[PDB]
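So the structure is just underneath, and the comments pick up after that.
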Ligand SMILES: *[C@@H]1O[C@H](CO)[C@@H](O[C@@H]2O[C@H](CO)[C@@H](O)[C@H](O)[C@H]2NC(C)=O)[C@H](O)[C@H]1NC(C)=O
Ligand SMILES: *[C@@H]1O[C@H](CO)[C@@H](O)[C@H](O)[C@H]1NC(C)=O
Ligand SMILES: *[C@@H]1O[C@H](CO)[C@@H](O)[C@H](O)[C@H]1NC(C)=O
Ligand SMILES: OC[C@H]1O[C@@H](O)[C@H](O)[C@@H](O)[C@H]1O
Ligand SMILES: OC[C@H]1O[C@H](O)[C@H](O)[C@@H](O)[C@H]1O
Ligand SMILES: [Ca+2]
């Protein structure tokens, strides 16, 4: 089973996974994924969900880890974001931290809850401002010293100043500032310790819109920290995502991000990629389809076959576009609204296959494209805004192919313009 960024992910019961703003905890060889339940299409608090898996693909929904409490700061009128859980060895206790806020983000607190088992349910113990100052986007990092010292990483002072501060021995309170990046406008933080060095991954502040996420490193959490560098090509806006959790994996890591859909928040998707450290620093591997070997601490990227859209057969009013951002320097434009392209001679062993559509969409809103395989009934594929007419991203579609040769037609029947199609990759 494969990790396929941007698809609609469902749990073992077949229900949409609702765990945005991910926090991960490993117990044994089980991964616990905590997140925000947005099934109600709202930024206000419904639950902190809890899912488990052995392989980072096949997730079983457990009891919710945190439920709202009326008349408190975790009421259903309030905001609970970006939950994180670490285990406290001294107390044999799981401690959850989260961003605790009002609906207009004017309160800027953390909240804390505890449990004796990983999915809890957890008992909320209150919300507070760390050292009396704002905390909005946050994460928690647990170091590998004998004391397992933990730290809050947080956007402070109306998001302008990024802070790292040490937690007490219970992981209940922030008690000393460790470093601050004044004017850094960083949010969505996480830290992975790799080769003895601390690596901070963070986004800048653009609300729900994605932006180029950055890495910084230091030999001490007190700094000095290096200046920001990109984890992905800047035009792609972190391949249309925002950092949520950075999970170590052998000699590398896994980038776990959210693709926020602010007009329909429960349909926000999950963008998980290998975070390769072979250059000495974290770089996203743009892997449409990949898997993890947990015991070996490795990842494997699926190989596919590319087909350029411009080499297909156009029908109707579609055109050939030229641009440096496209594979082959070309793409097919004016798709939909009477224009089609058919990609022929797609060889396959048949059955269900992931097919990545590489496209550009310069609008600020989603487009979509109809897809028919071998003349079968049409499906509709969402095409998010890509960041520019010359900026290509990819979305996955799990198509049923025939054993042998296949033809795939794009854009038939739809009155709206689809995105511009650069190529497809058949896995
Ligand atoms: C497929 O994409 C089209 C746009 O290419 C969507 O049509 C837009 O729908 C919104 C409503 O969310 C309207 O406000 C816009 O005026 C429409 N734009 C155009 C150009 O028609 C359509 O909703 C998408 N289909 C699905 C199922 O999401
Ligand atoms: C998915 O997880 C469930 C629960 O542990 C397990 O019973 C099932 O076999 C898993 N599916 C696959 C394909 O391994
Ligand atoms: C948390 O630590 C700060 C800094 O020492 C202190 O001012 C505050 O009173 C502490 N909070 C609690 C609940 O002990
Ligand atoms: O207005 C519709 C047009 O939008 C452009 O962004 C696109 O490059 C064209 O191929 C066509 O779809
Ligand atoms: O404010 C809306 C939204 O803004 C950013 O995307 C933050 O990283 C999210 O956690 C959320 O707070
Ligand atoms: Ca192309």
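Residue numbers (the deposited numbering): 22 to 448. The C-beta atom is built at its ideal place from N, Cα and C for all residues, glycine as well.
**Request:** Label residue 158 either buried or exposed according to how many other C-beta atoms from any shown protein chain fall within 10 Å of its C-beta, with 16 as the threshold for buried.
**Result:** Result: buried.
**Request:** Take the Cβ of residue 426 as the centre, count every other Cβ of all protein chains shown within 10 Å, and call the residue buried at 16 or more, exposed below.
**Result:** Counting Cβ neighbours within 10 Å, residue 426 comes out exposed, since fewer than 16 surround it.
**Prompt:** If you draw a straight line from the alpha carbon of residue 320 to that of residue 115, how long is it in whole angstroms?
**Reply:** Distance from the CA of residue 320 to the CA of residue 115, rounded to the nearest whole angstrom, comes to 28 Å.
**Asked** Any contact of the region 332-341 with the region 371-378, i.e. 3+ C-beta pairs under 8 Å?
**Response** Taking a contact to require three or more Cβ pairs closer than 8 Å, the region 332-341 and the region 371-378 do not qualify as touching.
**Request:** Answer with buried or exposed for residue 341, where buried requires no fewer than 16 other C-beta atoms within 10 angstroms of its C-beta.
**Result:** Residue environment: residue 341 is assigned as exposed (fewer than 16 neighbouring CB atoms within 10 Å of its CB, all protein chains considered).
**Prompt:** Given a threshold of 16 other Cβ atoms within 10 Å of its Cβ, counted over all protein chains shown, does residue 165 qualify as buried or as exposed?
**Reply:** Classification of residue 165: exposed, given that the 10 Å Cβ count is below 16.
**Request:** Could you name the residues of the same chain whose beta carbon sits closer than 6 Å to that of residue 105, not counting the 5 residues immediately before and after it, in chain order?
**Result:** So the qualifying residues of the chain are 44, 118, 160, 161.
**Request:** Could you tell me the distance, in whole angstroms, from the CA atom of residue 282 to the CA atom of residue 263?
**Result:** Those two C-alpha atoms are separated by around 12 Å.
**Prompt:** Assuming residue 274 and residue 296 make a contact with CB atoms under 8 Å, what is their CB distance in whole Å?
**Reply:** By a beta-carbon distance limit of 8 Å, residue 274 contacts residue 296. Their separation comes to about 4 Å.
**Request:** For ligand 4, list every residue whose C-beta falls under 6 Å from any of its heavy atoms, going in chain order.
**Result:** Residues with a Cβ closer than 6 Å to any heavy atom of ligand 4, in chain order: 354, 355, 383, 410, 438, 441.
**Message:** So, does the region 172-184 touch the region 194-206, judging by three or more C-beta pairs under 8 Å?
**Reply:** At 8 Å Cβ cutoff, the stretches touch.
**Item:** Cβ distance (whole Å) where residue 380 is taken to contact residue 440 below 8 Å
**Value:** Contact between residue 380 and residue 440 holds, since their C-beta atoms are separated by about 4 Å, short of 8 Å.
**Item:** Coarse secondary structure for residue 332, derived from DSSP in three states
**Value:** The answer is helix: DSSP assigns residue 332 an H, G or I state.
**Asked** My guess is that residue 431 and residue 392 are in contact by the Cβ rule of under 8 Å, so how many angstroms apart are they, rounded?
**Response** Approximately 6 Å separates the beta-carbon atoms of residue 431 and residue 392; this is inside 8 Å, confirming the contact.
**Message:** For residue 156, count the other beta carbons within 10 Å of its own beta carbon; 16 or more makes it buried, fewer makes it exposed. Which is it?
**Reply:** That one is buried.
**Asked** Since residue 387 sits in a beta bridge, which residues does DSSP pair it with?
**Response** Bridge partners of residue 387: none, in fact.
**Message:** Do residue 438 and residue 307 count as a contact pair if the criterion is CB distance below 8 Å?
**Reply:** Taking 8 Å as the cut-off, the beta carbon of residue 307 is found no closer than this to the beta carbon of residue 438.
**Chain-order list of residues whose beta-carbon lies under 7 Å from that of residue 226 (same chain, five-residue window excluded)** = Within its own chain, the residues whose Cβ lies closer than 7 Å to the Cβ of residue 226, once the five positions on either side in sequence are excluded, are 180, 206, 208, listed in chain order.
**Prompt:** Who sits around ligand 6, taking every residue whose Cβ is closer than 6 Å to one of its heavy atoms?
**Reply:** Those residues that bring their Cβ nearer than 6 Å to a heavy atom of ligand 6 are 329, 330, 331, 347, 348, 349, 351, 352, 443, 444.
**Request:** Throw me the rounded Cβ distance for the residue 87 and residue 143 pair, which I believe falls under 8 Å.
**Result:** About 5 Å; that satisfies the 8 Å criterion.
**Message:** I'd like the ranges of any beta strand (DSSP E) spanning at least 3 consecutive residues and lying wholly in the region 105-177.
**Reply:** Here the runs fully enclosed are 114-122, 130-136, 144-149, 159-163, 171-177.
**Prompt:** residue 405: which of 351, 28, 134, 23 sits nearest, CA to CA?
**Reply:** Looking at the Cα atoms, 28 is the closest of the given residues.
**Buried or exposed by the 16-neighbour rule on C-beta atoms within 10 Å, applied to residue 229** = It is exposed - the Cβ of residue 229 has fewer than 16 other Cβ atoms within 10 Å.
**Nearest neighbour of residue 128, chosen from 95, 214, 398, 46 [CA to CA]** = That would be 95, whose Cα lies nearest to the Cα of residue 128.
**Request:** Using a threshold of 8 Å, state whether the C-beta atoms of residue 339 and residue 362 are closer than that.
**Result:** Yes, these two residues count as a Cβ contact at 8 Å.
**Request:** Pick out the complete beta strand (DSSP E) segments inside the region 354-388, 3 residues or longer, and give them in chain order.
**Result:** Those beta strand (DSSP E) runs which fall completely within the region 354-388 and span 3+ residues are 360-381.
**Prompt:** Start and end of the alpha helix (DSSP H) containing residue 261?
**Reply:** It spans 258-261 - the alpha helix (DSSP H) in which residue 261 sits, taken as one unbroken run.
**Asked** For the beta strand (DSSP E) that residue 341 lies in, which residues bound it at each end?
**Response** The continuous beta strand (DSSP E) containing residue 341 extends over residues 340-343.
**Message:** Please tell me whether, using a cut-off of 7 Å, the distance from the CB of residue 378 to the nearest non-hydrogen atom of ligand 1 is below it.
**Reply:** Between ligand 1 and residue 378, a heavy atom-to-CB distance of less than 7 Å is absent.
**Request:** Taking only heavy atoms of ligand 3 into account, decide whether any of them is closer than 7 Å to the Cβ of residue 152.
**Result:** Because some heavy atom of ligand 3 lies under 7 Å away, the Cβ of residue 152 counts as near it: yes.
**Asked** Distance, Cα to Cα, residue 398 vs residue 372?
**Response** Going from the Cα of residue 398 to the Cα of residue 372 covers about 16 Å.
**Request:** Spatial neighbours of residue 178 within its chain, please: CB distance less than 8 Å, with the 5 preceding and 5 following residues excluded, ordered by chain position.
**Result:** Once the five neighbours on either side are set aside, the close Cβ partners of residue 178 are 154, 155.
**Asked** Taking C-alpha atoms, which residue in 146, 220, 121, 112 lies nearest to residue 190?
**Response** Closest by alpha carbon: 112.
**Request:** Could you name the residues of the same chain whose beta carbon sits closer than 7 Å to that of residue 72, not counting the 5 residues immediately before and after it, in chain order?
**Result:** So the list reads 32, 38, 40, 54, 80, 81, 82, 83, once near-sequence residues are dropped.
**Item:** Where residue 285 sits in the DSSP three-state scheme
**Value:** Residue 285 falls in the coil class under three-state DSSP.
**Asked** Among residues of its own chain, excluding the 5 on either side of residue 310, which ones have a beta-carbon nearer than 8 Å to its beta-carbon?
**Response** Around residue 310: 23, 24, 25, 322, 323, 325, 375, 377, 417, 448.
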